[PDB]
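Only one chain is included here, represented as structure tokens and corresponding to the form deposited in one PDB entry.
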């Protein structure tokens, strides 16, 4: 699978993950510099959205709304991952008026990038995460997987919402 950024084309680094595969539980760092496991204990629908950069991203703007709608749904969690440090993530998020959003950094181990196969290879965005969304069940099996072909574009909104019906 190839991802594009203006005149650049990326080979995705890490292990390829398919619908039906058990996604591995990975270590990430939260806004309190606490190490957390990606997979929430018991939650039936786990949305995991990965961004190259939180800074001025479309996902950050709609994060507060989507987090509300998912929160009210039964057993649906919403996690946003980037290579951004937690401090920057906390201030970016805080500045947009997004409270209690599970924004997590992959900076320490690059465990999400490597295990979900979305670590961008050689190029200007090398070592950043490809724009991607996963839905995992309580068991960590991949219900839905989308990796955007154009890193600047957003995942299919329709297709994501339909999975949460």
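Between two forms, the rigid core is the largest collection of C-alphas that superpose within 1.5 Å. Residue numbers count along the first chain shown, from 1.
The next section is about a form of this same protein that is not shown, the form deposited in another entry.
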Core-aligned, between the shown form and the other one, one residue among 30, 126, 53, 62 moves its CA by 2 Å or more. Tell me which.
62
My question is whether residue 76 is one of the residues whose C-alpha shifts by 2 Å or more between the shown form and the other one, given a fit on the rigid core.
no
Given that the CA-CA distance for residue 80 and residue 57 shifts by 3 Å or more in the other form, does it become closer or farther?
farther
Do residue 46 and residue 57 have their C-alpha atoms closer or farther apart in the other form than here, with the shift being 3 angstroms or more?
farther
